[PDB]
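Read the single chain below, which is given as structure tokens and is the form deposited in one PDB entry.
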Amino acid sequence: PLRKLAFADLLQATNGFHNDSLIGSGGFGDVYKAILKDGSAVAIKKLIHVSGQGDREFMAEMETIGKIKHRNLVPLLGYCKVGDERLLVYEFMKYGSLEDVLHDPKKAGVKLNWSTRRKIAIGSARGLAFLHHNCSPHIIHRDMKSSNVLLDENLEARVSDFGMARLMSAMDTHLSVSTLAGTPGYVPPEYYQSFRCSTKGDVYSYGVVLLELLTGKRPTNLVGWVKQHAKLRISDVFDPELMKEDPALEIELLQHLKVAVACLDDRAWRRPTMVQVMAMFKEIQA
């Protein structure tokens, strides 16, 4: 069960929030790696801007990822809400974010061959499909991107960062919101025109991620550049390290590219659902 963690425990597990335990900061707050007094390896997120943008994000995760468990979603282990302080505690994912691995620090890190990236794309997709289909009310993530796909010890994908997620009734096609949420290079185009979000928006953003697995490049655009070279020579867009592995899987890559293109359609009604995406990934291996 989700644990209510005392603020002092988190203070001491991070050595008084010392810089040496900091592994990320900006916008939302801070993220620290720590070992809890019971031995648990965890990531502890310290939210800033409480009683406003910070407290809304806190409740967003509590009402979504804090209420569900799934093999392809980051497990939220605990929380701490003491006055002005807002903290959330997650199981520590060994290999960090997909963005860090994909754009390796000093060109060094874990090498991801196609078999592993394909596993990452299927796991990521199953995570979102659970949010869109199996959860009632459905969950719209609203900020899917490669920094929000974490990789555990087995290089399995686990979707993270529900600070902007929202609940939508199953008897609704969209959710009208107050603000525009998302990251440059991942926003669905219809989010710029309407204060509305949907599972088809998550599908768009998932498409960008699958493109990062296929091309190896950052979204900042990348979506349009692939769409332009898709009508020319689609052999000049995939990650060069994937073609070194085997040029015989270029046919398999193109089929995954078609899945990505369908997710990235400017029309939300034409995008697949994540359940269709999963089924499509399965037909490629059959």
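C-alpha atoms forming the largest set that superposes within 1.5 Å between two forms make up the rigid core. For every residue, the number given is its place in the sequence shown, counted from 1.
For the pair 60-68 and 47-55, greater average C-alpha departure from the shown form in 4 other deposited structures of this protein after core alignment is found in 47-55. In terms of root mean square C-alpha deviation after superposing on the rigid core in 4 other deposited structures of this protein, the stretch standing farther out between 24-32 and 253-261 is 24-32. Among other compared entries that model residues flanking residue 200, every one gives it coordinates, keeping it clear of the one-third cutoff.
Compared with the other entries of this protein, residue 108 is frequently left unbuilt, missing from a third or more of those that build its neighbours. Where residue 220 is followed by residue 221 in the displayed chain, the model omits 4 to 9 of the deposited residues that sit between the two. Across the two stretches, 56-64 and 221-229, the PDB entry reports the greater mean Cα temperature factor for 221-229. Stretch comparison (32-40 versus 245-253) by mean CA B-factor in the PDB entry places 245-253 on top. Across the residues 106, 132, 145, 196, the deposited record lists the maximum Cα B factor for 106. Each of 166, 111, 174, 94 has a CA temperature factor in the record; the biggest one is found at 111. In this PDB entry, residue 160 carries a Cα temperature factor that places it within the lowest third of its chain's modelled residues. Annotation for residue 16: CA B-factor lies in the middle third of the chain's modelled residues.
Compared with the other modelled residues of the chain, the Cα B-factor recorded for residue 120 ranks in the middle third. Among all modelled residues in its chain, residue 216 ranks in the highest third by Cα B-factor. Ranked within its chain, residue 202 lands in the lowest third, by CA B factor from the PDB record.
Separately, the form deposited with a partner chain bound exists; it is not shown, and the next lines address it.
Checking 66-74, 247-255, 23-31, 36-44 against the partner chain in the deposited bound form, the stretch whose residues place heavy atoms within 4.5 Å of it is 247-255. This chain is displayed alone, yet in the deposited bound form one of 217, 49, 56, 227 has a heavy atom within 4.5 Å of the partner chain; that residue is 227.
Scanning 262, 275, 268, 13 against the partner chain in the deposited bound form with a 4.5 Å heavy atom cut-off leaves one residue, 262. Within 4.5 Å of any heavy atom of the partner chain in the deposited bound form lies no heavy atom of residue 243.
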